[PDB]
Each structure stands twice: as C-alpha cells, then as structure tokens.
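See below for upload07.pdb, which holds PDB, C-alpha atoms.
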MODEL        1
ATOM      1  CA  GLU W  35       6.121  29.112   6.328
ATOM      2  CA  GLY W  36       9.268  27.617   7.835
ATOM      3  CA  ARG W  37      10.795  25.723   4.907
ATOM      4  CA  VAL W  38       8.645  24.711   1.922
ATOM      5  CA  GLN W  39      10.010  23.562  -1.438
ATOM      6  CA  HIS W  40       8.594  22.180  -4.686
ATOM      7  CA  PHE W  41      10.121  19.008  -6.139
ATOM      8  CA  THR W  42       9.578  17.504  -9.592
ATOM      9  CA  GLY W  43      10.944  14.327 -11.133
ATOM     10  CA  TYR W  44      10.289  11.167 -13.110
ATOM     11  CA  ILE W  45       9.839   7.621 -11.791
ATOM     12  CA  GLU W  46      11.065   4.649 -13.823
ATOM     13  CA  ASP W  47      10.098   0.965 -13.549
ATOM     14  CA  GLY W  48      10.739   0.242  -9.877
ATOM     15  CA  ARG W  49      13.214   3.101  -9.408
ATOM     16  CA  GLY W  50      13.077   5.936  -6.891
ATOM     17  CA  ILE W  51      14.784   9.221  -6.064
ATOM     18  CA  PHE W  52      16.745   9.733  -2.840
ATOM     19  CA  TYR W  53      16.748  13.000  -0.887
ATOM     20  CA  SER W  54      18.950  13.552   2.168
ATOM     21  CA  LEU W  55      18.050  15.910   5.006
ATOM     22  CA  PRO W  56      21.108  17.839   6.275
ATOM     23  CA  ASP W  57      19.973  18.040   9.914
ATOM     24  CA  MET W  58      16.583  17.109  11.354
ATOM     25  CA  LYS W  59      15.122  19.799  13.596
ATOM     26  CA  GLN W  60      13.870  19.133  17.123
ATOM     27  CA  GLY W  61      10.155  19.456  17.814
ATOM     28  CA  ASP W  62       9.267  20.109  14.169
ATOM     29  CA  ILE W  63       6.404  18.936  11.954
ATOM     30  CA  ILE W  64       7.357  17.588   8.518
ATOM     31  CA  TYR W  65       4.650  17.476   5.842
ATOM     32  CA  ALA W  66       5.207  15.536   2.610
ATOM     33  CA  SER W  67       2.709  15.596  -0.263
ATOM     34  CA  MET W  68       3.206  13.960  -3.661
ATOM     35  CA  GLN W  69       0.703  13.675  -6.515
ATOM     36  CA  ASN W  70       1.197  12.038  -9.898
ATOM     37  CA  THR W  71       0.931  14.329 -12.923
ATOM     38  CA  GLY W  72       1.265  11.794 -15.748
ATOM     39  CA  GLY W  73       0.965   8.076 -16.278
ATOM     40  CA  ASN W  74      -0.365   5.461 -13.877
ATOM     41  CA  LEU W  75       2.207   6.157 -11.152
ATOM     42  CA  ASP W  76       1.146   5.234  -7.621
ATOM     43  CA  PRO W  77       2.710   7.672  -5.120
ATOM     44  CA  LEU W  78       4.580   6.361  -2.088
ATOM     45  CA  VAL W  79       6.539   8.331   0.522
ATOM     46  CA  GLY W  80       8.971   6.861   3.033
ATOM     47  CA  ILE W  81      11.812   7.951   5.286
ATOM     48  CA  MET W  82      14.849   6.194   6.737
ATOM     49  CA  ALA W  83      17.771   7.118   8.967
ATOM     50  CA  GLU W  84      20.334   5.367   6.750
ATOM     51  CA  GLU W  85      20.822   5.590   2.967
ATOM     52  CA  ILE W  86      20.521   1.889   2.088
ATOM     53  CA  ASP W  87      18.557   1.403  -1.124
ATOM     54  CA  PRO W  88      15.349  -0.588  -0.422
ATOM     55  CA  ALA W  89      14.881  -1.714  -4.044
ATOM     56  CA  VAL W  90      16.205  -5.204  -3.273
ATOM     57  CA  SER W  91      13.864  -5.620  -0.296
ATOM     58  CA  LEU W  92      10.838  -4.377  -2.248
ATOM     59  CA  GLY W  93      11.809  -6.446  -5.287
ATOM     60  CA  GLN W  94      11.814  -9.669  -3.269
ATOM     61  CA  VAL W  95       8.206  -9.084  -2.185
ATOM     62  CA  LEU W  96       7.202  -8.455  -5.803
ATOM     63  CA  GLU W  97       9.125 -11.566  -6.891
ATOM     64  CA  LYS W  98       7.124 -13.682  -4.420
ATOM     65  CA  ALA W  99       5.084 -16.347  -6.224
ATOM     66  CA  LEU W 100       2.861 -17.287  -3.270
ATOM     67  CA  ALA W 101      -0.671 -18.141  -4.376
ATOM     68  CA  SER W 102      -2.329 -16.507  -1.361
ATOM     69  CA  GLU W 103      -2.729 -12.736  -1.662
ATOM     70  CA  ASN W 104      -2.734 -12.263   2.128
ATOM     71  CA  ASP W 105       1.031 -12.838   2.200
ATOM     72  CA  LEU W 106       1.585 -10.048  -0.337
ATOM     73  CA  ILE W 107      -0.286  -7.545   1.841
ATOM     74  CA  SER W 108       1.304  -8.829   5.059
ATOM     75  CA  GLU W 109       4.835  -8.839   3.622
ATOM     76  CA  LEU W 110       4.475  -5.308   2.234
ATOM     77  CA  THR W 111       3.313  -3.934   5.592
ATOM     78  CA  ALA W 112       5.979  -5.821   7.555
ATOM     79  CA  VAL W 113       8.855  -4.871   5.241
ATOM     80  CA  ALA W 114       7.766  -1.216   5.282
ATOM     81  CA  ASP W 115       7.712  -0.832   9.071
ATOM     82  CA  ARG W 116      10.825  -2.937   9.722
ATOM     83  CA  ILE W 117      12.899  -0.783   7.333
ATOM     84  CA  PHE W 118      11.239   2.593   6.800
ATOM     85  CA  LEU W 119      10.775   4.791   9.858
ATOM     86  CA  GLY W 120       7.467   6.053   8.466
ATOM     87  CA  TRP W 121       5.334   5.612   5.373
ATOM     88  CA  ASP W 122       1.977   6.720   3.977
ATOM     89  CA  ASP W 123      -0.783   5.260   1.823
ATOM     90  CA  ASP W 124      -0.504   4.821  -1.945
ATOM     91  CA  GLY W 125      -2.981   6.261  -4.421
ATOM     92  CA  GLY W 126      -6.589   7.048  -3.649
ATOM     93  CA  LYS W 127      -9.065   9.727  -4.677
ATOM     94  CA  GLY W 128      -8.257  11.797  -1.590
ATOM     95  CA  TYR W 129      -4.810  12.343  -0.073
ATOM     96  CA  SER W 130      -2.643  10.188  -2.333
ATOM     97  CA  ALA W 131       0.389  10.648  -0.060
ATOM     98  CA  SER W 132       0.296  12.837   3.058
ATOM     99  CA  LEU W 133       2.641  11.777   5.870
ATOM    100  CA  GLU W 134       3.289  13.784   9.040
ATOM    101  CA  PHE W 135       6.397  12.838  11.012
ATOM    102  CA  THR W 136       8.250  14.361  13.966
ATOM    103  CA  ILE W 137      11.666  12.930  14.854
ATOM    104  CA  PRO W 138      13.020  14.108  18.258
ATOM    105  CA  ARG W 139      16.520  12.710  17.701
ATOM    106  CA  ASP W 140      18.392  15.202  15.432
ATOM    107  CA  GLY W 141      20.844  14.297  12.666
ATOM    108  CA  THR W 142      20.849  13.637   8.943
ATOM    109  CA  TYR W 143      17.948  11.602   7.548
ATOM    110  CA  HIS W 144      17.129  10.291   4.070
ATOM    111  CA  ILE W 145      13.576  10.605   2.743
ATOM    112  CA  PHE W 146      12.669   8.095   0.030
ATOM    113  CA  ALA W 147      10.221   8.514  -2.847
ATOM    114  CA  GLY W 148       9.036   5.783  -5.192
ATOM    115  CA  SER W 149       6.189   3.458  -6.181
ATOM    116  CA  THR W 150       4.395   0.473  -4.657
ATOM    117  CA  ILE W 151       3.362  -3.076  -5.616
ATOM    118  CA  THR W 152      -0.290  -3.098  -6.701
ATOM    119  CA  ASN W 153      -2.414  -4.185  -9.672
ATOM    120  CA  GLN W 154      -4.651  -2.211 -12.034
ATOM    121  CA  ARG W 155      -6.803  -4.877 -13.683
TER     122      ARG W 155
ATOM    123  CA  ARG L 217     -12.912 -19.033 -15.833
ATOM    124  CA  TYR L 218     -13.190 -15.652 -14.060
ATOM    125  CA  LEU L 219     -16.248 -14.069 -12.438
ATOM    126  CA  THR L 220     -16.530 -10.454 -11.279
ATOM    127  CA  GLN L 221     -19.494  -8.681  -9.691
ATOM    128  CA  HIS L 222     -20.092  -5.082  -8.636
ATOM    129  CA  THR L 223     -21.681  -3.968  -5.366
ATOM    130  CA  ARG L 224     -23.488  -0.852  -4.187
ATOM    131  CA  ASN L 225     -21.917   2.049  -2.318
ATOM    132  CA  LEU L 226     -21.146   1.477   1.363
ATOM    133  CA  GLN L 227     -21.509   4.145   4.028
ATOM    134  CA  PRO L 228     -18.619   4.664   6.477
ATOM    135  CA  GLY L 229     -18.673   2.205   9.356
ATOM    136  CA  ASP L 230     -20.429  -0.511   7.337
ATOM    137  CA  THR L 231     -19.300  -4.134   7.095
ATOM    138  CA  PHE L 232     -19.239  -6.723   4.315
ATOM    139  CA  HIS L 233     -19.565 -10.510   4.310
ATOM    140  CA  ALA L 234     -19.221 -13.163   1.607
ATOM    141  CA  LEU L 235     -19.402 -16.951   1.479
ATOM    142  CA  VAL L 236     -18.842 -19.665  -1.139
ATOM    143  CA  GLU L 237     -20.528 -23.072  -0.884
ATOM    144  CA  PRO L 238     -19.644 -25.747  -3.472
ATOM    145  CA  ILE L 239     -22.474 -27.959  -4.692
ATOM    146  CA  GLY L 240     -21.221 -30.431  -7.287
ATOM    147  CA  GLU L 241     -18.067 -31.410  -5.369
ATOM    148  CA  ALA L 242     -16.137 -28.785  -7.334
ATOM    149  CA  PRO L 243     -12.702 -27.626  -6.120
ATOM    150  CA  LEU L 244     -12.624 -24.633  -3.804
ATOM    151  CA  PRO L 245     -12.124 -21.356  -5.720
ATOM    152  CA  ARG L 246     -10.107 -18.268  -4.766
ATOM    153  CA  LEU L 247     -12.081 -15.184  -3.728
ATOM    154  CA  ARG L 248     -10.809 -11.680  -2.995
ATOM    155  CA  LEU L 249     -12.287  -8.227  -2.414
ATOM    156  CA  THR L 250     -10.897  -5.150  -4.189
ATOM    157  CA  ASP L 251     -12.113  -1.688  -5.188
ATOM    158  CA  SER L 252     -13.071  -0.205  -8.561
ATOM    159  CA  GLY L 253      -9.448   0.557  -9.421
ATOM    160  CA  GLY L 254      -8.314  -2.926  -8.438
ATOM    161  CA  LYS L 255      -6.374  -2.323  -5.238
ATOM    162  CA  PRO L 256      -6.724  -5.429  -3.028
ATOM    163  CA  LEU L 257      -8.515  -5.051   0.291
ATOM    164  CA  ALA L 258      -9.105  -8.579   1.621
ATOM    165  CA  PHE L 259      -8.468 -12.221   0.755
ATOM    166  CA  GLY L 260     -10.549 -15.339   1.225
ATOM    167  CA  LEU L 261      -9.797 -17.840   3.978
ATOM    168  CA  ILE L 262     -10.477 -21.586   4.042
ATOM    169  CA  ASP L 263     -11.567 -23.125   7.342
ATOM    170  CA  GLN L 264     -10.864 -26.605   8.709
ATOM    171  CA  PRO L 265     -13.903 -28.313   7.069
ATOM    172  CA  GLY L 266     -12.841 -26.950   3.684
ATOM    173  CA  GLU L 267     -16.418 -26.548   2.427
ATOM    174  CA  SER L 268     -16.742 -22.754   2.728
ATOM    175  CA  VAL L 269     -14.647 -19.634   2.114
ATOM    176  CA  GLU L 270     -15.411 -16.665   4.369
ATOM    177  CA  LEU L 271     -14.396 -13.023   3.934
ATOM    178  CA  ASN L 272     -15.063 -10.041   6.196
ATOM    179  CA  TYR L 273     -14.230  -6.386   5.644
ATOM    180  CA  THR L 274     -15.022  -2.952   7.056
ATOM    181  CA  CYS L 275     -14.625   0.437   5.387
ATOM    182  CA  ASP L 276     -13.380   3.675   6.942
ATOM    183  CA  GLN L 277     -13.379   5.848   3.806
TER     184      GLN L 277
ENDMDL
END

Translate this structure into structure tokens?
Amino acid sequence: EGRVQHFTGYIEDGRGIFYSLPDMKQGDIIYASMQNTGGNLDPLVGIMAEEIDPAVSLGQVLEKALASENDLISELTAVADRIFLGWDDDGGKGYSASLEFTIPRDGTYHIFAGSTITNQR
Amino acid sequence: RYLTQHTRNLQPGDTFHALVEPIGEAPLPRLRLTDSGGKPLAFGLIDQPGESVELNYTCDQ
C-alpha cells in the first residue's frame, strides 16, 4: 500500500541489525512482522528514538545469576519498556512478532531487530 | 533430581493452581510453570510460614 518492503538477514549469538527511519510520518500506522526461516531463532522487534546499542543492557540481564526466575521475567519487561519505545512478543505458534506503533512526534527513529533471553529445554 | 509432569489442554479464560507440601522435613523445592516449548510463564512463591509453595496462572491464548 503506502510503503512495504521485504527484509532478510542473519542473526548471530546475541547480535542484532539496526535500521534507521529517515523521517517518521504523522498519523501513520507502522506494521512490523518477522518470522524465523532457519534455526531456533526467537524473533523480537523493538524501536527506539536514539541509536544506542542495547546489547550491553540485555547482556546484563542474561548475565544475572539470581536463583529466582521471577527476577529474570521482571527485569526483561522493565528493561524493555524503560529503553525501547515499543516491543512485541517473542516466538509462539501464532503471530511470532507483530507490533503496531504510531508515533505523533516526527523525526528520525531507529527500529531494532534481534533475539530474546529464553530457554528451550 | 528433576521432576516434570504434563497437563491437559486449557480453554481460554481458565486458571491454574499448584501447591507443594513437604512431609519428611525436606527442604523446600523450586517450582515453575512453562509451556511445551519451555518458555517460562510463572514462578513459585514461598510464604511466611515456609511450609508451602503456591503458584497461580491464567491463560489468554
């Protein structure tokens, strides 16, 4: 319709790909969908006004050695909202990653794409 | 040293409850609730008496 593009790439161990929006439109609906095609990758979509790499912030949560698993869930949710403007769910049989966001502020924004911190055993 | 059990399918809007009661003065274990894949959903909590671990969860999928 308005502006739709297809993006393909590879995700390494805890490494993402940065995309920068030239100018955010006013009163627009942004739809982001990402599905894994190979491997056990868990999709995750986030956006941020700045271009600061969140690998250090996400790595600290993974590096946490707290016995209680409630902290891991709480820290992940808190660090996502306090840094990323918006984020979607990871994995799942249905919509693996489908985030709708409207920013009525204009300007250049950076959309982030990467993985999450889960377990598969 | 690890115990895992499977449950039946849950309809949307249903709840879930679990409880652990030690018998032979054994140390309190750690209990958590995940899905088939393994993604965590809830974690056990220890109350003030320290003789029971209670977990509650509701599903929207």

Which polymer residues have any atom within 12 Å of an atom of residue W:77, counting all atoms listed in the file, with same-chain residues fewer than 6 positions away left out, as an MDAnalysis selection string?
-> chainID W and resid 44:45 48 50 66:71 121:127 129:133 146:152

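Considering all atoms listed in the file, the residue among L:261, L:235, L:244, L:275 positioned nearest to chain W is L:261.
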
Matched chain/residue IDs from the PyMOL selection byres ((chain L) within 9 of (chain W)), as a VMD selection string | chain L and resid 246 248 253 to 260

Can you list, as a PyMOL selection string, every protein, DNA or RNA residue that comes within 12 Å of residue W:94 when you count only C-alpha atoms, leaving out same-chain residues fewer than 2 positions away?
-> chain W and resi 48+88-92+96-100+106+109-110+113+151

Students should find that atom CA of residue L:230 and atom CA of residue L:250 are spaced 15.7 Å

Taking the file as I've supplied it (selection: the PyMOL selection byres ((chain W and resi 64) around 6)), which residues are included? Please answer as a PDB file with C-alpha atoms, in the coordinates of the input.
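As written to disk, part23.pdb reads:
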ATOM      1  CA  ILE W  63       6.404  18.936  11.954  1.00  0.00           C
ATOM      2  CA  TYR W  65       4.650  17.476   5.842  1.00  0.00           C
ATOM      3  CA  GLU W 134       3.289  13.784   9.040  1.00  0.00           C
ATOM      4  CA  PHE W 135       6.397  12.838  11.012  1.00  0.00           C
TER       5      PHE W 135
END

Write out as JSON, numbers by chain each polymer residue whose atoms come within 10 Å of residue L:245, counting all atoms listed in the file; drop sequence neighbours fewer than 2 positions from it.
-> {"L": [236, 237, 238, 242, 243, 247, 260, 262, 268, 269]}

Have a look at atom CA of residue W:62 and atom CA of residue W:79 and let me know their distance in Å, one decimal.
-> 18.2 Å

Please write the residues picked by the PyMOL selection byres ((chain L and resi 232) around 8) on this file as an mmCIF file with C-alpha atoms, in the frame of the given file.
data_model
loop_
_atom_site.group_PDB
_atom_site.id
_atom_site.type_symbol
_atom_site.label_atom_id
_atom_site.label_comp_id
_atom_site.auth_asym_id
_atom_site.auth_seq_id
_atom_site.Cartn_x
_atom_site.Cartn_y
_atom_site.Cartn_z
ATOM 1 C CA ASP L 230 -20.429 -0.511 7.337
ATOM 2 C CA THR L 231 -19.300 -4.134 7.095
ATOM 3 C CA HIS L 233 -19.565 -10.510 4.310
ATOM 4 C CA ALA L 234 -19.221 -13.163 1.607
ATOM 5 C CA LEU L 271 -14.396 -13.023 3.934
ATOM 6 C CA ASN L 272 -15.063 -10.041 6.196
ATOM 7 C CA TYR L 273 -14.230 -6.386 5.644
ATOM 8 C CA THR L 274 -15.022 -2.952 7.056
#

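Atom CA of residue L:251 to atom CA of residue L:222 spans 9.3 Å [interatomic distance, one decimal].
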
Residues at most 12 Å from residue W:82, counting all atoms listed in the file, excluding those fewer than 3 positions away in the same chain, as a PyMOL selection string?
-> chain W and resi 52-55+58+79+85-88+114-121+135+137+141-147
